[PDB]
């Protein structure tokens, strides 16, 4: 029995404001650039937008190092602009989700400026300060962004903890005053009518008592160990009870590092924690858990097994999001498809069909609706991202990995592949900016741009538009149960979605050759709901499909 909600049936679109549309020529996108393109997202059929952080920030980590939670980022505009965004989405019946980054603040935040003053400052224990051991760090914790997770302060002689950049010191959630202050901050944004909150690295708020050294095995998988704090569900439930349950919102939790079997405690509706799971098992299936910048070969059978495990883990009482890329990962068509010119549009339409036929809330990352690709990074200085510089420092500058081997991996895995500016049209800089963009635009913008697709009925954009309309029209594509026809098949991905008598089949050929695919058991086709790249017609009661390379489709099955 499905408990339907607006957020289970929504299709979300993720805007990275820095790279969406610049309206004043400084080369950085801004809030007015979002406002000006709301009609575009409305034509796509999006009903909710999640924006990456929009707060005052020195931008060590592009908005994720927040200097003031109640001020708009200078580069993105003013509080008036923010209020106008809310008001214009409201006019269009679109709901806004903002990014909540409360594992850490900027080292420029008024709290940390006070805290670092001296052991006797009232704000001292808003952050984690510990003594060194034999004139080195308190323990062997590594940072996600390179080097040690402990930064020595000369004023006090103590180290402060930063799982991410040295400019992002971790907040001390063990102090109830910190949690209260964070709660007032949330009410500030919620009182403005925001409809959703995405919690950045939500599983790391609880730190391990006494900070023991990690073991050898643990250092190779430290992201999991940092999710092992003994109070994380107590804090998330407390936030639900004191804030989240008092408003009418959807909450998504980014549970990076949490083993899949432990994810349901954050999202089971009975636990009064969060609503929508962002899991990383799928999107990192081809990533090394230790040398986190490296990729490795993967197969469709691996990919489909993860889909099914993730689906089953949500079960009856949790709920998943589903996404294939985002601002932290390479573009879907390059990562999971074939981004060469012969195949790109077909593979993009095949991955859109996958996304929009999952038992999950789909998130569409900006530009994926056009089939944008990875960017051709050459040299190490072609990248912007703090994280890639941290990996370079840890692995290349130490002589552990050859520069060229590192680059062969990070060209494929870098976050910056998702962050090149949105390709609006075929004008100079793809119409993103009248100035010099902050990060160079992919030269494939003359082939891949929204102007060339919005009115072409055959485009990637219109195929997403069609799929979103189909999903809204067929309840089984949102709430139906999921069954993979053959989890070991590395050629043809085929699964059903079922609600009572109503059963649909999704079939995608991941091979660049014609595949014949015979349906199992007594299954036979009642109707074609949609196909891309097909050549052989499908008639009533067909029990076989002849799939062109990269062909994708949705069929309704006979009862």
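Residue numbers count along the first chain shown, from 1.
Trainee: Name the higher of the two by mean Cα B-factor in the PDB entry, 382 to 390 versus 125 to 133.
Mentor: Looking at the recorded C-alpha B-factors, 125 to 133 comes out higher on average.
Trainee: Which has higher Cα B-factors on average according to the PDB entry: 353 to 361 or 182 to 190?
Mentor: According to the entry, 182 to 190 carries the higher average C-alpha B-factor.
Trainee: Could you say which of 140, 326, 301, 409 has its CA atom at the highest B factor, as listed in the PDB entry?
Mentor: Checking the PDB record, the top C-alpha B-factor among 140, 326, 301, 409 is at 140.
Trainee: Between 369, 345, 153, 268, let me know which has the highest C-alpha B-factor in the entry?
Mentor: Highest CA B-factor of the listed options: 153.
Trainee: Within this chain, which third does the Cα B-factor at residue 42 fall in: lowest, middle or highest?
Mentor: According to the entry, residue 42 has a C-alpha B-factor in the chain's middle third.
Trainee: With respect to C-alpha B-factor, does residue 260 fall in the lowest, middle or highest third of the chain as deposited?
Mentor: Highest third - that is where residue 260 ends up once the chain's C-alpha B-factors are sorted.
Trainee: Check where residue 72 lands among this chain's C-alpha B-factors and tell me if it's the lowest, middle or highest third.
Mentor: It belongs to the middle third of the chain when residues are ordered by C-alpha B-factor.
Trainee: What third of the chain does residue 452 rank in for C-alpha temperature factor, lowest, middle or highest?
Mentor: For residue 452, whose C-alpha B-factor we compare with every modelled residue in the chain, the answer is the highest third.
Trainee: What third of the chain, by the recorded C-alpha B-factor, contains residue 497?
Mentor: As the PDB entry reports it, the C-alpha B-factor of residue 497 lands in the lowest third of its chain.
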